[PDB]
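To start, the structure itself, in structure tokens.
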There are 2 protein chains.
Amino acid sequence: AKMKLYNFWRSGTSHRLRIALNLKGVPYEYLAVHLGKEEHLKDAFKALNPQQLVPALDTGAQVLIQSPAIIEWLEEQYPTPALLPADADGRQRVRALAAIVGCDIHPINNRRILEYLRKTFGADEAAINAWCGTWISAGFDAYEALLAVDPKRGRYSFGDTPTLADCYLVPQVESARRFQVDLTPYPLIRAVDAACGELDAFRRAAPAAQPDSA
Amino acid sequence: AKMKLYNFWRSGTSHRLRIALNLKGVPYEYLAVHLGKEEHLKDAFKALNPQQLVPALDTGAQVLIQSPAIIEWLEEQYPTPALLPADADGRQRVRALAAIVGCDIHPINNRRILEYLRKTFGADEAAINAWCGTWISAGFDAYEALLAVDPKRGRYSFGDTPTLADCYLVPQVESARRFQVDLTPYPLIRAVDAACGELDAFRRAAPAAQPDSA
Ligand SMILES: N[C@@H](CCC(=O)N[C@@H](CS[C@H](CC(=O)O)C(=O)O)C(=O)NCC(=O)O)C(=O)O
Ligand SMILES: N[C@@H](CCC(=O)N[C@@H](CS[C@H](CC(=O)O)C(=O)O)C(=O)NCC(=O)O)C(=O)O
Ligand code: NA
Ligand code: NA
């Protein structure tokens with residue numbers, strides 16, 4: 001028995017979890033679920049995950065869903081390197097940074113939402129881009145402001161080691177680029193993204209590096 | 001110094017955090033931020049929370065944001081009663097249930113999103129209700145299915161005691177009622193909501209019980 005990651009190359013939440021798995025050095029089988037072909041909406045995937053979203057992680061004993069919960073599980077199950085700080089204040093700050101992305105940006109721009117905008121509200125692609133940029137810019141305004149007020153911060157979102165906040169931020173910056181969001185206002189975010197981009201664990205997790213990529 | 005909770009009566013994330021505070025028996029000063037009057041969008045609130053959303057919790061030493069992160073902080077800071085189980089599997093499951101609501105339902109139906117639908121896409125109130133019901137029903141389909149397959153469950157989302165999953169679920173059911181979502185398909189969810197509704201900590205946290213309520 002071994003871990004199986006049901007996921008997709010060009011998927012922010014998949015990318016997020018791949019970064020965390022790679023940072024922990026945890027081996028996994030990559031099982032592509034082709035979202036463009038709507039494979040996640042088939043009964044076969046529903047049997048694994050009733051929510052019919054990616055990623056899902058089969059540990060060999062059970063199927064875990066929800067990247068935020070899976071990542072917290074990885075942190076506890078595979079201690080080294082730590083992706084959360086040891087102190088209560090730092091724990092809260094890193095979780096808050098992650099949740100800005102995980103709650104207040106990513107879900108709003110997810111495929112199913114954009115499909116609803118297109119099919120119910122008749123959104124064209126300019127309108128889709130304007131929607132996505134609205135939520136990314138609002139979230140990045142806050143994330144950037146938080147990066148600025150932290151005096152102890154190094155190269156990454158928190159301190160001078162990668163944390164789970166970076167696992168959320170990096171895929172979100174990639175989505176921002178996809179939707180042609182002006183990132184000029186976010187130099188601290190851009191610097192964190194660049195620093196993470198130097199690391200093997202992040203490079204190996206990037207959409208373009210995946211088996212199912214174009 | 002003491003706890004100051006910046007929040008609003010008719011607010012799902014405020015309600016969510018109020019439940020957790022009440023379960024912990026942690027005293028706090030209720031500081032109303034009137035969302036209808038757009039008080040959260042004023043510079044005074046921006047100075048407290050750069051994201052300009054509620055809730056924010058001033059501990060007396062610093063201002064915490066992001067209800068998921070604040071609730072995790074409360075669990076660690078105020079151990080009794082435990083709102084998370086002790087075992088890795090249970091921890092992950094409770095976090096996953098919470099994240100279905102906190103990531104994949106609540107943010108999609110938030111005020112700012114509905115405002116954008118109205119002002120950019122010309123949505124009338126029937127269209128707003130149809131949008132909200134789409135995401136609530138999808139999330140509740142998954143949540144209901146997950147409740148059904150847990151054989152160790154008592155009256156609540158997980159186990160025999162309230163957990164942070166219930167803190168997220170109860171406000172989400174209230175929002176469902178607000179948007180006239182058919183809850184007939186979700187008898188397990190309705191039973192959890194009813195069970196939580198018997199408890200003082202939940203009753204005291206409900207929108208209609210707040211100082212700034214109608
Ligand atoms: N809170 C959950 C959210 C998972 C879910 O949003 N996953 C996306 C992940 S793929 C999505 C693809 C896209 O938006 O183009 C992305 O994040 O990039 C989903 O499978 N989309 C399919 C759909 O909306 O039909 C989690 O973090 O695991
Ligand atoms: N992930 C964050 C999300 C916080 C945020 O979404 N809060 C809402 C809380 S109030 C909201 C009010 C509503 O939707 O009518 C609700 O949840 O009920 C916000 O202040 N809305 C103001 C706005 O959109 O302009 C958190 O959980 O703290
Ligand atoms: Na890149
Ligand atoms: Na009620």
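To be explicit about the labels: the chains of the structure tokens are called A, B, and onward in the order shown, and within each one the residues are counted from 1, while ligands get numbers from 1 in the order they are shown.
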
Where does DSSP see alpha helix (DSSP H) in chain B, if you list the residues as a PyMOL selection string?
-> chain B and resi 12-24+43-48+67-77+88-104+111-121+125-148+164-178+187-197+200-205

Go through chain B and flag each residue having an atom no more than 8 Å from chain A; for those, report the closest pair of atoms plus their distance in Å to one decimal, using only C-alpha atoms, ordered by chain and rising number, as a tab-separated table.
residue	atom	partner	partner_atom	distance
B:50	CA	A:142	CA	5.3
B:51	CA	A:142	CA	4.9
B:64	CA	A:92	CA	7.9
B:65	CA	A:96	CA	6.5
B:66	CA	A:96	CA	5.3
B:68	CA	A:99	CA	7.1
B:69	CA	A:95	CA	5.2
B:70	CA	A:92	CA	6.6
B:72	CA	A:92	CA	7.5
B:73	CA	A:92	CA	6.0
B:76	CA	A:88	CA	7.5
B:77	CA	A:88	CA	7.7
B:88	CA	A:73	CA	6.7
B:91	CA	A:73	CA	7.7
B:92	CA	A:69	CA	5.3
B:93	CA	A:69	CA	7.6
B:95	CA	A:69	CA	5.2
B:96	CA	A:69	CA	5.3
B:99	CA	A:66	CA	6.6
B:100	CA	A:66	CA	7.2
B:102	CA	A:103	CA	6.4
B:103	CA	A:103	CA	4.5
B:104	CA	A:107	CA	6.1
B:107	CA	A:104	CA	6.1
B:108	CA	A:108	CA	5.8
B:121	CA	A:121	CA	6.2
B:123	CA	A:121	CA	7.8
B:138	CA	A:51	CA	7.5
B:139	CA	A:51	CA	7.1
B:141	CA	A:51	CA	7.5
B:142	CA	A:51	CA	4.9
B:145	CA	A:50	CA	6.9
B:146	CA	A:50	CA	7.8

Extract the full set of strand (DSSP E or B) residues from region 10-204 of chain B according to DSSP on the backbone, and format it as a PyMOL selection string.
-> chain B and resi 29-32+56-58+63-65

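Each residue with an atom within 12 Å of any atom of ligand 4 appears in the list, which was built counting only C-alpha atoms and all ligand atoms: residues 169, 170, 171, 172, 173, 174, 175, 176, 177, 178, 190, 191, 192, 193, 194, 195, 196, 197, 198, 199, 202, 203, 204, 205, 206, 207, 208 and 209 of chain B.
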